[PDB]
>>> print(open('model.cif').read())   # mmCIF, C-alpha atoms and all ligand atoms
data_final
loop_
_atom_site.label_atom_id
_atom_site.label_comp_id
_atom_site.auth_asym_id
_atom_site.auth_seq_id
_atom_site.Cartn_x
_atom_site.Cartn_y
_atom_site.Cartn_z
CA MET A 1 0.51 28.27 38.15
CA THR A 2 -0.96 25.81 40.64
CA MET A 3 -4.34 24.32 39.74
CA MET A 4 -5.26 22.25 42.78
CA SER A 5 -3.33 23.55 45.81
CA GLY A 6 -6.07 25.91 46.95
CA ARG A 7 -8.97 23.62 46.19
CA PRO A 8 -11.39 24.06 49.12
CA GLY A 9 -11.44 21.26 51.67
CA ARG A 10 -7.96 19.95 50.81
CA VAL A 11 -6.12 18.54 53.83
CA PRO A 12 -2.45 19.65 53.64
CA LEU A 13 -0.44 16.41 53.79
CA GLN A 14 -3.02 13.62 53.50
CA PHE A 15 -1.93 11.81 50.27
CA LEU A 16 -5.31 10.03 50.21
CA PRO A 17 -8.56 11.81 51.17
CA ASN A 18 -11.54 9.84 52.44
CA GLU A 19 -13.52 10.72 49.30
CA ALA A 20 -11.03 8.63 47.30
CA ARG A 21 -12.48 5.57 49.06
CA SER A 22 -15.53 5.86 46.77
CA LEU A 23 -13.44 4.96 43.69
CA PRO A 24 -12.72 1.40 42.49
CA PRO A 25 -9.22 0.36 43.56
CA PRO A 26 -6.70 -0.77 40.95
CA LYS A 27 -6.64 -4.51 40.34
CA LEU A 28 -3.65 -6.46 41.59
CA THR A 29 -3.04 -7.57 37.99
CA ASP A 30 -3.00 -3.98 36.74
CA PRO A 31 -0.35 -3.70 33.98
CA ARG A 32 1.06 -0.60 35.68
CA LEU A 33 1.61 -2.62 38.86
CA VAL A 34 3.24 -5.36 36.78
CA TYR A 35 5.57 -2.75 35.28
CA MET A 36 6.43 -1.46 38.76
CA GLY A 37 7.30 -5.01 39.80
CA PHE A 38 9.40 -5.27 36.64
CA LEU A 39 11.23 -2.11 37.71
CA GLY A 40 11.91 -3.69 41.11
CA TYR A 41 13.24 -6.84 39.44
CA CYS A 42 15.52 -4.73 37.23
CA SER A 43 16.76 -2.91 40.34
CA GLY A 44 17.59 -6.25 41.94
CA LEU A 45 19.45 -7.44 38.84
CA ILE A 46 21.46 -4.19 38.68
CA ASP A 47 22.21 -4.54 42.40
CA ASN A 48 23.61 -8.01 41.73
CA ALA A 49 25.65 -6.78 38.76
CA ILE A 50 27.22 -3.81 40.58
CA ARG A 51 28.20 -5.97 43.58
CA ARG A 52 29.98 -8.51 41.31
CA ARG A 53 27.55 -11.28 42.25
CA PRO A 54 25.90 -13.80 39.89
CA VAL A 55 23.23 -11.58 38.36
CA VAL A 56 20.26 -13.94 38.22
CA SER A 57 20.88 -16.27 41.18
CA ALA A 58 22.77 -14.31 43.86
CA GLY A 59 20.14 -13.07 46.28
CA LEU A 60 16.58 -14.31 45.97
CA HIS A 61 15.44 -12.71 49.23
CA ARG A 62 16.89 -9.35 48.14
CA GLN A 63 15.23 -9.56 44.71
CA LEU A 64 11.93 -10.56 46.33
CA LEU A 65 12.13 -7.55 48.65
CA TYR A 66 12.91 -5.28 45.69
CA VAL A 67 9.88 -6.49 43.73
CA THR A 68 7.61 -6.37 46.79
CA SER A 69 8.62 -2.82 47.74
CA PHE A 70 8.14 -1.53 44.19
CA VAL A 71 4.70 -3.14 43.94
CA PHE A 72 3.70 -1.89 47.39
CA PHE A 73 4.57 1.71 46.55
CA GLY A 74 3.07 1.47 43.07
CA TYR A 75 -0.34 0.42 44.38
CA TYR A 76 -0.77 3.58 46.47
CA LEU A 77 0.77 5.75 43.74
CA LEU A 78 -1.81 4.44 41.26
CA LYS A 79 -4.63 5.02 43.76
CA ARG A 80 -3.60 8.65 44.25
CA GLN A 81 -3.21 9.26 40.50
CA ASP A 82 -6.66 7.84 39.75
CA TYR A 83 -8.13 9.97 42.53
CA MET A 84 -6.55 13.13 41.10
CA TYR A 85 -7.90 12.43 37.61
CA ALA A 86 -11.36 11.74 39.04
CA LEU A 87 -11.19 15.06 40.90
CA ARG A 88 -10.25 16.89 37.69
CA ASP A 89 -13.17 15.34 35.80
CA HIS A 90 -15.59 16.12 38.64
CA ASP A 91 -14.55 19.78 38.77
CA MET A 92 -14.67 20.14 34.97
CA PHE A 93 -18.19 18.71 34.73
CA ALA A 94 -19.46 20.82 37.64
CA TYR A 95 -18.01 23.99 36.10
CA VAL A 96 -19.58 23.22 32.71
CA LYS A 97 -22.91 22.58 34.44
CA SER A 98 -22.76 25.85 36.41
CA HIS A 99 -21.85 28.10 33.43
CA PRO A 100 -24.19 27.18 30.55
CA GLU A 101 -23.62 30.55 28.85
CA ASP A 102 -19.96 29.68 28.23
CA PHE A 103 -20.73 26.18 26.87
CA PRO A 104 -23.65 26.38 24.43
CA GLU A 105 -24.82 23.39 22.39
CA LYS A 106 -25.39 24.91 18.96
CA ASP A 107 -27.66 23.54 16.25
CA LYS A 108 -26.40 20.50 14.35
CA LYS A 109 -25.86 20.64 10.59
CA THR A 110 -25.60 17.64 8.28
CA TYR A 111 -22.95 17.33 5.59
CA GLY A 112 -25.63 17.77 2.93
CA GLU A 113 -26.08 21.37 4.11
CA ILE A 114 -22.43 22.28 4.79
CA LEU A 115 -20.51 23.85 1.90
CA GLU A 116 -16.91 22.59 1.95
CA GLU A 117 -14.40 23.78 -0.62
CA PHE A 118 -13.01 21.11 -2.94
CA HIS A 119 -9.31 21.21 -3.78
CA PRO A 120 -8.48 18.96 -6.76
CA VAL A 121 -5.18 17.08 -6.74
CA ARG A 122 -3.51 17.40 -10.15
CA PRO B 2 -20.52 -21.73 -21.48
CA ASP B 3 -22.96 -21.13 -18.61
CA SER B 4 -20.19 -19.90 -16.30
CA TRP B 5 -20.92 -16.24 -17.09
CA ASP B 6 -24.00 -14.20 -17.90
CA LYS B 7 -24.34 -13.78 -21.66
CA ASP B 8 -26.15 -10.44 -21.35
CA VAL B 9 -23.34 -8.86 -19.32
CA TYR B 10 -20.79 -10.23 -21.84
CA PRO B 11 -22.69 -10.46 -25.15
CA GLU B 12 -21.42 -11.97 -28.39
CA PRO B 13 -22.74 -11.99 -31.98
CA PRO B 14 -24.46 -15.13 -33.33
CA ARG B 15 -21.15 -16.52 -34.72
CA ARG B 16 -21.73 -17.16 -38.42
CA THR B 17 -19.03 -19.39 -39.93
CA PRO B 18 -18.91 -20.64 -43.54
CA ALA B 19 -19.04 -24.27 -44.63
CA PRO B 20 -16.00 -25.90 -46.29
CA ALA B 21 -16.08 -25.63 -50.09
CA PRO B 22 -13.24 -27.77 -51.50
CA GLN B 23 -12.18 -26.86 -55.03
CA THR B 24 -9.08 -29.07 -55.39
CA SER B 25 -8.55 -32.82 -55.61
CA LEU B 26 -5.59 -32.52 -53.22
CA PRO B 27 -6.20 -33.46 -49.58
CA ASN B 28 -6.25 -30.86 -46.84
CA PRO B 29 -3.29 -31.20 -44.44
CA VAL B 30 -5.19 -29.07 -41.92
CA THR B 31 -8.07 -31.56 -41.74
CA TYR B 32 -5.73 -34.54 -41.38
CA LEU B 33 -3.69 -32.78 -38.69
CA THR B 34 -6.81 -31.71 -36.80
CA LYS B 35 -8.18 -35.26 -36.88
CA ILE B 36 -4.87 -36.47 -35.44
CA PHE B 37 -4.94 -33.71 -32.82
CA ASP B 38 -8.51 -34.65 -31.87
CA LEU B 39 -7.80 -38.37 -31.50
CA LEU B 40 -4.44 -37.88 -29.75
CA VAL B 41 -5.06 -34.87 -27.46
CA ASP B 42 -8.73 -34.00 -27.09
CA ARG B 43 -9.91 -37.46 -26.02
CA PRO B 44 -7.48 -38.19 -23.13
CA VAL B 45 -8.04 -34.67 -21.77
CA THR B 46 -11.80 -35.19 -22.02
CA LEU B 47 -11.52 -38.49 -20.14
CA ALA B 48 -9.39 -36.90 -17.41
CA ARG B 49 -11.91 -34.07 -17.06
CA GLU B 50 -14.78 -36.58 -16.91
CA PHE B 51 -13.03 -38.46 -14.09
CA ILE B 52 -12.33 -35.22 -12.22
CA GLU B 53 -15.95 -34.09 -12.60
CA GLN B 54 -17.18 -37.48 -11.40
CA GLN B 55 -15.04 -37.05 -8.28
CA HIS B 56 -16.31 -33.48 -7.84
CA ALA B 57 -19.97 -34.53 -8.11
CA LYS B 58 -19.60 -36.88 -5.13
CA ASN B 59 -18.65 -33.87 -2.95
CA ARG B 60 -20.97 -30.95 -3.71
CA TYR B 61 -20.85 -27.95 -1.37
CA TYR B 62 -21.72 -24.30 -1.81
CA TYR B 63 -20.51 -20.77 -1.15
CA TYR B 64 -22.64 -17.63 -1.19
CA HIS B 65 -22.44 -14.04 -2.40
CA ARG B 66 -22.40 -11.72 0.61
CA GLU B 67 -25.23 -9.20 0.89
CA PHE B 68 -24.83 -5.66 2.22
CA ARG B 69 -27.80 -3.53 3.19
CA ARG B 70 -27.82 0.22 2.58
CA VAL B 71 -26.86 2.58 5.41
CA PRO B 72 -27.30 6.39 5.48
CA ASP B 73 -25.02 8.29 3.11
CA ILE B 74 -22.50 10.96 4.09
CA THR B 75 -25.11 13.64 3.30
CA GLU B 76 -27.32 12.48 6.20
CA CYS B 77 -24.50 12.55 8.79
CA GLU B 78 -23.98 15.27 11.37
CA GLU B 79 -20.70 17.14 11.30
CA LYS B 80 -18.86 15.34 14.12
CA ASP B 81 -20.89 12.10 14.36
CA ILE B 82 -18.05 9.59 14.06
CA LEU B 83 -20.10 6.38 13.82
CA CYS B 84 -22.43 7.48 11.03
CA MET B 85 -19.46 8.92 9.14
CA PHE B 86 -17.63 5.59 9.50
CA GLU B 87 -20.55 3.58 8.13
CA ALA B 88 -21.11 6.05 5.28
CA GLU B 89 -17.41 6.03 4.37
CA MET B 90 -17.34 2.23 4.24
CA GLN B 91 -20.42 2.23 2.00
CA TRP B 92 -18.84 4.85 -0.27
CA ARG B 93 -15.63 2.81 -0.60
CA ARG B 94 -17.63 -0.29 -1.53
CA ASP B 95 -19.51 1.72 -4.16
CA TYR B 96 -16.19 3.01 -5.53
CA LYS B 97 -14.92 -0.56 -5.96
CA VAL B 98 -18.16 -1.62 -7.67
CA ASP B 99 -17.92 1.35 -10.07
CA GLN B 100 -14.34 0.39 -10.93
CA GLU B 101 -15.53 -3.13 -11.76
CA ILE B 102 -18.32 -1.72 -13.95
CA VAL B 103 -15.74 0.26 -15.92
CA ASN B 104 -13.64 -2.91 -16.16
CA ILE B 105 -16.57 -4.87 -17.64
CA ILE B 106 -17.18 -2.17 -20.25
CA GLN B 107 -13.49 -2.08 -21.20
CA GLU B 108 -13.51 -5.88 -21.57
CA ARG B 109 -16.44 -5.57 -23.98
CA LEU B 110 -14.58 -2.92 -26.00
CA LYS B 111 -11.38 -4.97 -26.28
CA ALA B 112 -13.24 -8.14 -27.22
CA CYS B 113 -15.18 -6.32 -29.95
CA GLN B 114 -12.00 -4.83 -31.39
CA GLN B 115 -10.35 -8.24 -31.63
CA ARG B 116 -13.51 -9.94 -32.92
CA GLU B 117 -14.36 -7.54 -35.74
CA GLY B 118 -10.94 -7.71 -37.40
CA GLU B 119 -10.46 -5.29 -40.28
CA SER B 120 -13.94 -3.76 -39.78
CA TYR B 121 -13.47 -2.74 -36.13
CA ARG B 122 -13.60 1.02 -36.75
CA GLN B 123 -17.23 0.75 -37.87
CA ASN B 124 -18.37 -2.42 -36.07
CA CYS B 125 -17.31 -1.33 -32.55
CA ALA B 126 -19.11 2.03 -32.50
CA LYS B 127 -21.64 1.00 -29.84
CA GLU B 128 -19.04 -0.38 -27.43
CA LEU B 129 -16.94 2.75 -27.90
CA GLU B 130 -19.97 4.94 -27.14
CA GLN B 131 -20.79 2.93 -24.01
CA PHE B 132 -17.20 3.24 -22.82
CA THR B 133 -17.26 6.98 -23.53
CA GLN B 134 -20.40 7.45 -21.43
CA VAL B 135 -19.18 5.28 -18.54
CA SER B 136 -15.74 6.92 -18.58
CA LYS B 137 -17.28 10.40 -18.49
CA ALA B 138 -19.50 9.47 -15.53
CA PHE B 139 -16.62 7.82 -13.65
CA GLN B 140 -14.32 10.79 -14.29
CA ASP B 141 -16.99 13.16 -13.00
CA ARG B 142 -17.46 11.06 -9.87
CA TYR B 143 -13.93 10.17 -8.81
CA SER B 144 -11.18 11.98 -10.73
CA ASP B 145 -8.87 14.45 -8.95
CA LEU B 146 -9.83 13.37 -5.42
CA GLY B 147 -6.17 12.44 -4.98
CA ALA B 148 -4.63 10.14 -2.46
CA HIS B 149 -6.39 10.43 0.91
CA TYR B 150 -9.75 10.47 -0.88
CA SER B 151 -12.97 10.19 1.11
CA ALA B 152 -16.73 10.55 0.81
CA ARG B 153 -16.58 14.13 2.11
CA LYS B 154 -14.23 15.24 -0.68
CA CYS B 155 -16.45 13.53 -3.26
CA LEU B 156 -19.46 15.36 -1.83
CA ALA B 157 -17.58 18.67 -1.97
CA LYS B 158 -16.67 18.02 -5.61
CA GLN B 159 -20.28 17.21 -6.49
CA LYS B 160 -21.50 20.35 -4.71
CA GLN B 161 -19.00 22.49 -6.62
CA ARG B 162 -20.08 20.98 -9.94
CA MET B 163 -23.75 21.46 -9.03
CA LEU B 164 -23.15 25.11 -8.14
CA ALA B 165 -21.33 25.73 -11.43
CA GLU B 166 -24.10 24.03 -13.42
CA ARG B 167 -26.84 25.97 -11.61
CA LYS B 168 -25.05 29.26 -12.26
CA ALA B 169 -24.55 28.40 -15.94
CA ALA B 170 -28.21 27.42 -16.29
CA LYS B 171 -29.44 30.64 -14.68
CA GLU B 172 -27.10 32.73 -16.84
CA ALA B 173 -28.31 30.97 -20.00
CA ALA B 174 -31.90 31.55 -18.85
CA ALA B 175 -31.27 35.32 -18.78
CA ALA B 176 -30.20 35.18 -22.44
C1 LIG C 201 11.00 -2.36 25.79
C2 LIG C 201 10.43 -3.72 26.18
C3 LIG C 201 11.04 -4.26 27.48
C4 LIG C 201 12.56 -3.99 27.57
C5 LIG C 201 12.98 -3.61 29.01
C6 LIG C 201 14.30 -2.81 29.05
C7 LIG C 201 15.54 -3.69 28.75
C8 LIG C 201 15.65 -4.90 29.68
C9 LIG C 201 15.68 -4.51 31.18
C10 LIG C 201 16.97 -3.74 31.55
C11 LIG C 201 17.52 -4.18 32.91
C12 LIG C 201 17.60 -5.73 33.02
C13 LIG C 201 19.03 -6.22 33.36
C14 LIG C 201 19.74 -5.31 34.39
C15 LIG C 201 21.01 -5.96 34.95
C16 LIG C 201 21.99 -6.32 33.83
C17 LIG C 201 23.42 -5.87 34.15
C18 LIG C 201 24.47 -6.85 33.57
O1 LIG C 201 25.63 -6.59 33.63
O2 LIG C 201 24.05 -8.04 32.94
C19 LIG C 201 25.00 -9.10 33.00
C20 LIG C 201 24.26 -10.42 33.16
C21 LIG C 201 25.25 -11.57 32.89
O3 LIG C 201 26.16 -11.63 33.98
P1 LIG C 201 26.50 -13.12 34.65
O4 LIG C 201 25.40 -14.11 34.30
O5 LIG C 201 26.60 -13.00 36.15
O6 LIG C 201 27.97 -13.66 34.03
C22 LIG C 201 28.57 -12.89 32.99
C23 LIG C 201 29.61 -11.91 33.64
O7 LIG C 201 28.96 -11.12 34.58
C24 LIG C 201 30.29 -10.97 32.60
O8 LIG C 201 29.94 -9.64 32.93
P2 LIG C 201 31.04 -8.44 32.62
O9 LIG C 201 30.75 -7.25 33.50
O10 LIG C 201 32.43 -8.94 32.92
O11 LIG C 201 30.95 -7.98 31.03
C25 LIG C 201 31.21 -6.62 30.72
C26 LIG C 201 29.97 -6.03 30.06
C27 LIG C 201 28.85 -5.87 31.10
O12 LIG C 201 28.02 -4.80 30.70
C28 LIG C 201 26.64 -5.13 30.56
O13 LIG C 201 26.29 -6.24 30.73
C29 LIG C 201 25.62 -4.05 30.17
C30 LIG C 201 24.36 -4.08 31.03
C31 LIG C 201 23.80 -2.68 31.31
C32 LIG C 201 22.39 -2.72 31.95
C33 LIG C 201 21.38 -1.78 31.24
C34 LIG C 201 21.42 -0.34 31.80
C35 LIG C 201 20.21 0.01 32.69
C36 LIG C 201 18.88 -0.37 32.03
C37 LIG C 201 18.43 0.66 30.98
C38 LIG C 201 18.11 0.01 29.61
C39 LIG C 201 17.43 1.01 28.62
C40 LIG C 201 16.47 0.30 27.63
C41 LIG C 201 15.77 1.28 26.64
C42 LIG C 201 16.45 1.34 25.24
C43 LIG C 201 17.76 2.11 25.25
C44 LIG C 201 18.99 1.19 25.22
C45 LIG C 201 20.13 1.69 26.10
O14 LIG C 201 30.27 -4.78 29.52
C46 LIG C 201 30.69 -4.81 28.16
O15 LIG C 201 31.00 -5.85 27.66
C47 LIG C 201 30.75 -3.50 27.32
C48 LIG C 201 29.81 -3.55 26.11
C49 LIG C 201 29.54 -2.16 25.53
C50 LIG C 201 28.11 -2.03 24.98
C51 LIG C 201 27.31 -0.88 25.66
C52 LIG C 201 25.78 -1.13 25.64
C53 LIG C 201 25.18 -1.15 27.08
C54 LIG C 201 23.72 -0.61 27.13
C55 LIG C 201 22.69 -1.61 26.54
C56 LIG C 201 21.46 -1.82 27.46
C57 LIG C 201 20.35 -2.66 26.77
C58 LIG C 201 19.29 -3.22 27.76
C59 LIG C 201 19.85 -4.35 28.65
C60 LIG C 201 20.60 -5.43 27.84
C61 LIG C 201 20.69 -6.77 28.59
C62 LIG C 201 21.73 -6.73 29.73
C63 LIG C 201 21.82 -8.08 30.46
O16 LIG C 201 23.19 -10.49 32.25
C64 LIG C 201 22.15 -11.39 32.63
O17 LIG C 201 22.29 -12.56 32.51
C65 LIG C 201 20.83 -10.84 33.19
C66 LIG C 201 19.79 -10.60 32.09
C67 LIG C 201 18.80 -11.77 31.97
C68 LIG C 201 17.99 -11.97 33.27
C69 LIG C 201 16.47 -11.85 33.03
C70 LIG C 201 15.82 -13.21 32.68
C71 LIG C 201 14.51 -13.43 33.46
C72 LIG C 201 14.26 -14.92 33.79
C73 LIG C 201 14.14 -15.79 32.52
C74 LIG C 201 12.68 -16.18 32.21
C75 LIG C 201 11.84 -14.99 31.67
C76 LIG C 201 10.47 -14.88 32.36
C77 LIG C 201 9.34 -14.62 31.35
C78 LIG C 201 7.96 -14.99 31.91
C79 LIG C 201 7.36 -16.20 31.20
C80 LIG C 201 7.72 -17.51 31.90
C81 LIG C 201 8.26 -18.56 30.93
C1 LIG C 202 12.72 9.74 38.15
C2 LIG C 202 11.60 9.02 38.97
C3 LIG C 202 10.94 9.97 40.02
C4 LIG C 202 10.78 9.28 41.40
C5 LIG C 202 10.86 10.29 42.60
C6 LIG C 202 11.07 9.55 43.97
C7 LIG C 202 10.09 8.32 44.13
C8 LIG C 202 10.13 7.71 45.58
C9 LIG C 202 9.71 8.74 46.68
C10 LIG C 202 8.44 8.27 47.48
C11 LIG C 202 7.54 9.48 47.93
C12 LIG C 202 7.08 9.35 49.42
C13 LIG C 202 5.74 10.11 49.70
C14 LIG C 202 4.70 9.20 50.42
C15 LIG C 202 4.42 9.66 51.89
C16 LIG C 202 3.12 10.55 51.99
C17 LIG C 202 3.43 12.08 51.81
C18 LIG C 202 2.17 12.89 51.40
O1 LIG C 202 1.53 13.33 52.53
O2 LIG C 202 2.55 13.99 50.60
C19 LIG C 202 1.54 14.46 49.75
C20 LIG C 202 2.15 14.86 48.39
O3 LIG C 202 2.17 13.72 47.54
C21 LIG C 202 3.37 13.61 46.79
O4 LIG C 202 3.56 14.77 46.05
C22 LIG C 202 3.29 12.40 45.84
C23 LIG C 202 4.69 11.76 45.61
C24 LIG C 202 4.72 10.79 44.39
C25 LIG C 202 5.69 11.31 43.27
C26 LIG C 202 5.71 10.37 42.02
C27 LIG C 202 5.37 11.15 40.70
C28 LIG C 202 6.53 11.05 39.63
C29 LIG C 202 6.03 11.40 38.18
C30 LIG C 202 5.71 10.13 37.31
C31 LIG C 202 7.01 9.28 36.99
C32 LIG C 202 6.84 7.76 37.38
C33 LIG C 202 7.22 7.48 38.88
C34 LIG C 202 7.46 5.96 39.16
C35 LIG C 202 7.61 5.66 40.69
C36 LIG C 202 8.63 4.54 40.98
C37 LIG C 202 0.87 15.68 50.38
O5 LIG C 202 0.47 16.56 49.33
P1 LIG C 202 0.66 18.21 49.56
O6 LIG C 202 1.20 18.49 50.94
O7 LIG C 202 -0.68 18.90 49.39
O8 LIG C 202 1.74 18.81 48.44
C38 LIG C 202 2.60 19.88 48.84
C39 LIG C 202 3.19 20.55 47.55
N1 LIG C 202 2.11 21.28 46.80
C40 LIG C 202 0.86 21.66 47.50
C41 LIG C 202 2.71 22.54 46.31
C42 LIG C 202 1.72 20.40 45.65
#
>>> encode(input="model.cif", output="structure tokens")
Amino acid sequence: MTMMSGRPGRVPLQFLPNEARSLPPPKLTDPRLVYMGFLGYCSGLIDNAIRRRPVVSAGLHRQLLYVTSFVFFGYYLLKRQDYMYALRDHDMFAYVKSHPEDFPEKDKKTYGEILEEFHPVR
Amino acid sequence: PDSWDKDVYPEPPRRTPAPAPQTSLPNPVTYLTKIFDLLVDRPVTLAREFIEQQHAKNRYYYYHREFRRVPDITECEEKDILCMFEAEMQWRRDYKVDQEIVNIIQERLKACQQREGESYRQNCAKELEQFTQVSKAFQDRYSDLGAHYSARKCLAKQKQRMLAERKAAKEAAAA
């Protein structure tokens, strides 16, 4: 099953609709971005190790490019993910609003009027 | 002394008889207790007096914390998490206070048993009755809730007991 492929108004290969510009962008200190940079740093260290170079000191420009590329991709990935979750919430709330018969708010009962069975432990 | 309330922890008026010597021999107990007084009780008293003098020059206070009453679990809606949280905390505090009440009563019972000596079976009847009443009430409130107890399970237990009592009363009425 595909939930969102046929959602009306969806541009085939956009990756970032204009509506997404109404959402707050992720901060540059977002922990997910920090973890993506950490993944880039680990990639650089593994690159040094495989090539039989000093792991921590061999190429600083290469490691910098690794970290920068991972952060650069992660920013847009996070933007798209947040947009998709916002879309899901928007559609859910609109559907609940447009079908009140399927989502009734029934009368509230307090615990002084609800009979719950008691199971003793012995 | 004045450290504790004498109504919460009562004691009898402490009647003790006066010495009635019947022998010309001296009492080794009196001589030994005079030596103990002069050799032990005075230096300790002086040390305590010095310590209390030092304490009096630095007098500061701490306070008993006061908790207001919040709605009980009976006044909480089924899924209202915040009211349930406050009610559950209040119920746990009440449970601890009830445990301490039982502890006070048990302390009274034990003290009376030691105090009355050979006459404890008759002279501790009132403390035994008080402990019986408190123990029955506490057992009705809290027994068999098990681990993972809560206010909701206590309420369910009370409702079950109330239903049984109401049915028994109505069946006895029809007699
Ligand atoms: C969860 C919380 C976060 C955790 C994150 C996840 C874990 C950490 C990240 C993982 C990736 C990072 C490292 C990747 C590259 C490492 C490859 C390597 O070979 O390392 C050698 C390298 C040493 O090489 P060298 O210095 O050139 O000279 C020694 C020779 O090379 C001598 O080398 P040799 O080749 O001749 O020696 C042979 C040796 C060579 O074999 C190895 O060295 C094994 C390395 C394999 C890399 C890991 C695989 C991929 C990552 C997946 C990890 C999964 C984690 C999840 C849990 C599951 C565990 C598997 O092989 C053996 O001896 C066989 C041993 C058999 C045991 C098998 C167990 C292996 C798997 C264990 C992996 C555990 C995690 C990584 C452990 C640390 C490794 C350095 O190690 C390092 O020194 C680099 C690590 C330290 C650098 C980071 C420090 C940052 C800067 C300091 C300041 C900190 C800043 C803090 C900010 C605050 C400011 C004050
Ligand atoms: C094991 C780790 C997995 C990593 C996989 C590779 C990661 C690097 C690849 C980089 C992707 C490049 C794409 C960016 C260019 C824009 C292309 C854009 O136009 O494509 C959009 C599509 O967007 C892409 O799908 C998003 C790609 C991002 C994938 C990452 C998700 C991985 C899961 C989470 C694991 C953590 C990943 C960490 C990243 C380093 C269009 O959507 P649409 O044409 O309508 O979809 C057609 C298919 N449908 C309709 C049936 C759905």
>>> closest_atom_pairs(input="model.cif", of="chain A", to="ligand LIG 202 (chain C)", cutoff="9 Å", atoms="all atoms listed in the file", output="JSON lines")
{"residue": "A:2", "atom": "CA", "partner": "C:LIG202", "partner_atom": "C41", "distance": 7.5}
{"residue": "A:4", "atom": "CA", "partner": "C:LIG202", "partner_atom": "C40", "distance": 7.8}
{"residue": "A:5", "atom": "CA", "partner": "C:LIG202", "partner_atom": "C40", "distance": 4.9}
{"residue": "A:6", "atom": "CA", "partner": "C:LIG202", "partner_atom": "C40", "distance": 8.1}
{"residue": "A:10", "atom": "CA", "partner": "C:LIG202", "partner_atom": "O7", "distance": 7.5}
{"residue": "A:11", "atom": "CA", "partner": "C:LIG202", "partner_atom": "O7", "distance": 7.0}
{"residue": "A:12", "atom": "CA", "partner": "C:LIG202", "partner_atom": "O7", "distance": 4.7}
{"residue": "A:13", "atom": "CA", "partner": "C:LIG202", "partner_atom": "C37", "distance": 3.7}
{"residue": "A:14", "atom": "CA", "partner": "C:LIG202", "partner_atom": "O1", "distance": 4.7}
{"residue": "A:15", "atom": "CA", "partner": "C:LIG202", "partner_atom": "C18", "distance": 4.4}
{"residue": "A:16", "atom": "CA", "partner": "C:LIG202", "partner_atom": "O1", "distance": 7.9}
{"residue": "A:36", "atom": "CA", "partner": "C:LIG202", "partner_atom": "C36", "distance": 6.8}
{"residue": "A:39", "atom": "CA", "partner": "C:LIG202", "partner_atom": "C36", "distance": 7.9}
{"residue": "A:40", "atom": "CA", "partner": "C:LIG202", "partner_atom": "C36", "distance": 8.9}
{"residue": "A:70", "atom": "CA", "partner": "C:LIG202", "partner_atom": "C36", "distance": 6.9}
{"residue": "A:73", "atom": "CA", "partner": "C:LIG202", "partner_atom": "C36", "distance": 7.5}
{"residue": "A:74", "atom": "CA", "partner": "C:LIG202", "partner_atom": "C35", "distance": 6.6}
{"residue": "A:76", "atom": "CA", "partner": "C:LIG202", "partner_atom": "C14", "distance": 8.8}
{"residue": "A:77", "atom": "CA", "partner": "C:LIG202", "partner_atom": "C24", "distance": 6.4}
{"residue": "A:80", "atom": "CA", "partner": "C:LIG202", "partner_atom": "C22", "distance": 8.0}
{"residue": "A:81", "atom": "CA", "partner": "C:LIG202", "partner_atom": "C27", "distance": 8.8}
>>> closest_atom_pairs(input="model.cif", of="chain B", to="chain A", cutoff="8 Å", atoms="all atoms listed in the file", output="CSV")
residue,atom,partner,partner_atom,distance
B:74,CA,A:111,CA,6.6
B:75,CA,A:112,CA,4.2
B:76,CA,A:110,CA,5.8
B:77,CA,A:110,CA,5.2
B:78,CA,A:110,CA,4.2
B:79,CA,A:110,CA,5.8
B:145,CA,A:120,CA,5.0
B:146,CA,A:120,CA,5.9
B:147,CA,A:121,CA,5.1
B:153,CA,A:111,CA,7.9
B:154,CA,A:118,CA,6.4
B:157,CA,A:118,CA,5.3
B:158,CA,A:118,CA,5.5
B:160,CA,A:115,CA,7.5
B:161,CA,A:118,CA,7.2
>>> write_last_selection(input="model.cif", atoms="C-alpha atoms", output="short mmCIF file (atom, residue, chain, number, x, y, z; two decimals), in the coordinates of the input")
data_model
loop_
_atom_site.label_atom_id
_atom_site.label_comp_id
_atom_site.auth_asym_id
_atom_site.auth_seq_id
_atom_site.Cartn_x
_atom_site.Cartn_y
_atom_site.Cartn_z
CA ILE B 74 -22.50 10.96 4.09
CA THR B 75 -25.11 13.64 3.30
CA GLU B 76 -27.32 12.48 6.20
CA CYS B 77 -24.50 12.55 8.79
CA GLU B 78 -23.98 15.27 11.37
CA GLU B 79 -20.70 17.14 11.30
CA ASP B 145 -8.87 14.45 -8.95
CA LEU B 146 -9.83 13.37 -5.42
CA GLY B 147 -6.17 12.44 -4.98
CA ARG B 153 -16.58 14.13 2.11
CA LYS B 154 -14.23 15.24 -0.68
CA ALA B 157 -17.58 18.67 -1.97
CA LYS B 158 -16.67 18.02 -5.61
CA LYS B 160 -21.50 20.35 -4.71
CA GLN B 161 -19.00 22.49 -6.62
#
>>> axis_aligned_box(input="model.cif", around="ligand LIG 201 (chain C)", padding_each_side="8 Å", output="lines of an AutoDock Vina configuration file")
center_x = 19.9
center_y = -8.2
center_z = 30.6
size_x = 41.1
size_y = 36.7
size_z = 27.2
>>> residues_near_ligand(input="model.cif", ligand="ligand LIG 201 (chain C)", cutoff="8 Å", atoms="only C-alpha atoms and all ligand atoms", output="list in words")
residues 41, 42, 43, 44, 45, 46, 47, 48, 49, 50, 52, 53, 54, 55 and 56 of chain A
>>> residues_around(input="model.cif", residues="residue 151 in chain B", least_positions_apart="5", cutoff="9 Å", atoms="all atoms listed in the file", output="PyMOL selection string")
chain B and resi 89+92-93+146+156
